[PDB]
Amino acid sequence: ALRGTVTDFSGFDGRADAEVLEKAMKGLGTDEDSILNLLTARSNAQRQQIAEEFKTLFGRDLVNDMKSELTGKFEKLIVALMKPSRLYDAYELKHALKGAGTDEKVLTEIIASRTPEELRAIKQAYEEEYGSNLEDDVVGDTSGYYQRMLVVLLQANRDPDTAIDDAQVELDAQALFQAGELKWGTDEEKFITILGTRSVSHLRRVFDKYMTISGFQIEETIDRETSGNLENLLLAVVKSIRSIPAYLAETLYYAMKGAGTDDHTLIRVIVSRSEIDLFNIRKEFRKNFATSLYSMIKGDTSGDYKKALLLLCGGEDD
């Protein structure tokens, strides 16, 4: 299996669903319920058919109009809900790099989080859409071993998943053992090289062997051994490896946790995974935090914003 939460319509009519729109934003005010009930109700390919049928009919661009009547959160939510699938990520990514600064967590997230197949297909979109080389921008903004780890990930050449070579698992585990724990300092290049290049089906075994031998979790060593963004990045990598759904759920669980709430991430993940594996991510919530995501979300958000996320999300019982 491998599930998502948003799917295509049983019997879709874009020309109709389009008219529910001018009716929704017409005159003064706005029916912020009709729209959130119709977009979260439609897949993404569909959202786009709708988007054209709108233009074809009223000679208008829907995102432009929507952006003119929705504000702040929902608005951020509906925009990021209409962004084409294939480009959404590069979009997020592109957003992350600007400024003499940059938003690493976002970078760490998607790159560490996305498969080679994904990363590859991303690098293209980004290029065709922003006229620059993804990798080039990254390095333009990142640094140190953080940078290189990312760059290595960008290469989307993680070894394939074949049969298991215990020797290599033993060889690699040991390797990682001598690199940090048994080294007065660290051999960052070694983690980057094993962590970013080995087939997942492999690394997971290394992870267990590493437990046996040192008596620590590869993550633990990372904490003790490393620091800085380099840390968070190896963490996500290691985590995504074990289970992306998992890594991700933990991402959400932190964006709501404690005082306030992190929307950019809440939306991002929520949206981005909706049609891919959001159902799964949800399963790594009931189990890993004793609470279903639905509730968490429901208690941290409000208004239409909340209403929508809870429709995208779903799963109350769980």
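Throughout, we count residues from 1 along the sequence that is shown.
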Comparing 96-104 with 69-77, the higher average Cα temperature factor in the PDB entry belongs to 96-104
230-238 versus 196-204 - greater average Cα B-factor per the deposited record: 196-204
Between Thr56, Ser272, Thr291, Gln48, let me know which has the highest C-alpha B-factor in the entry? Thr291
Against its chain's modelled residues, does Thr142's Cα B factor rank lowest, middle or highest third? middle
Could you look up the Cα B-factor of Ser132 in the entry and say which third of the chain it sits in: lowest, middle or highest? highest
Cα B factor band for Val6 (lowest, middle or highest third within the chain): lowest
Chain-relative C-alpha B factor for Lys183 (record values, thirds): the lowest
Could you tell me which third, lowest, middle or highest, the C-alpha B-factor of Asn37 occupies within its chain? lowest
